[PDB]
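Remarks on the structure that follows.
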2 protein chains.
Amino acid sequence: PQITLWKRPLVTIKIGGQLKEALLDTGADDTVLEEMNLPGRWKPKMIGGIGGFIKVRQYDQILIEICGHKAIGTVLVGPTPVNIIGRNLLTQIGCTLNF
Amino acid sequence: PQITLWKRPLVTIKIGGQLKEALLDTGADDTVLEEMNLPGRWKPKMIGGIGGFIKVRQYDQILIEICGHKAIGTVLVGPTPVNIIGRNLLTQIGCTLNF
Ligand SMILES: CCOP(=O)(COc1ccc(C[C@H](NC(=O)O[C@H]2CO[C@H]3OCC[C@H]32)[C@H](O)CN(CC(CC)CC)S(=O)(=O)c2ccc3ncsc3c2)cc1)OCC
């Protein structure tokens, strides 16, 4: 579809067998999701933005479905205030900016 | 144009007569630029991101040209890790997400 930017671009995603709301975020290199107890191994990581860094758990080869579009890649889990879909997955669903 | 997301969506902007590079950021409500001298009045504001809140200077009704497209609106100035163009100006230049 086409998403205007008057409001936050929030969509439904499916991950680890759960549905959630997440921001389609062209300023996010990586995908960062709210605390959730995903199975499997993970690597510690720190990601930075406005205000500083947070500590997150990096899980690899995670399947996420975004508005029916499937994607698989790296997902970071940590105390983010919002579920964020970053470019690593946005590219995979064919998402572009257009003006 | 149509901008893909394999790399960061960086563009040249012109503000207060100066050229700079900035990130088109659909996850940003507001536009935040690194410390710089802008003419006119400003008021202190706080904004929050992934790592907490920072103090910024709020400039209203500022002219800014984004990849050839003119906007006039609110620009925050402060210790952001990178210059970001948020939805308040993305809307003005007619930017949408498409997949
Ligand atoms: C409301 C909940 O609480 P809250 O008020 C704000 O919550 C939010 C927290 C984060 C966002 C998303 C964030 N937007 C943001 O900073 O926007 C500011 C400006 O406009 C306002 O609108 C929303 C907030 C205000 C960017 O889109 C993405 N970021 C990178 C950019 C940093 C400038 C480029 C470096 S990233 O997230 O840091 C990030 C993501 C993946 C990644 N992979 C490797 S690095 C790395 C870094 C949106 C809302 O904060 C109090 C705790």
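Every read-out reported here was derived from the displayed coordinates using simple, explicitly stated rules and does not represent laboratory data. Here Cβ is always computed from backbone atoms with ideal geometry, including for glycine, and neighbour counts include all displayed protein chains.
For the reader, a short list of remarks on this structure follows.
- Of B:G16, B:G40, B:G86, the one that fluctuates the most in a GNM where chain B has Cα springs shorter than 10 Å: B:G40
- Compared with the direct C-alpha span, the chain from B:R41 to B:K55 gains 3.4 nm at full extension, assuming 0.36 nm per residue.
- Relative contact order [Cα under 8 Å, 6+ residues apart], chain A, whole percent: 33
- For the peptide B:41-51, the mean number of other protein chain Cβ atoms found within 10 angstrom of a residue's Cβ is 4.
- Cα centroid separation - the stretch A:14-44 against the stretch B:6-82, whole Å: 27
- Virtual paramagnetic centre 7 Å along Cα→Cβ of A:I72, amide N under 17 Å, in the stretch A:26-42: A:39-41
- Diffusion coefficient, µm² s⁻¹, Stokes-Einstein with Kirkwood Rh over alpha-carbon pairs of chain A at 25 °C and 0.890 mPa s: 178
- Among B:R41, B:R57, B:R87, residue whose mean-square fluctuation peaks in a GNM of chain B (springs only between Cα atoms under 10 Å): B:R41
- The GNM of chain A, with springs linking C-alpha atoms under 10 angstrom apart, assigns the highest mean-square fluctuation among A:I15, A:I54, A:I66 to A:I54.
- Set A:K45/B:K55; A:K45/B:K7; A:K7/B:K70; A:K20/B:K45; A:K70/B:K7; B:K7/B:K45 screened for pairs whose C-alpha atoms are more than 23 Å apart: A:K45/B:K55; A:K20/B:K45; B:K7/B:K45
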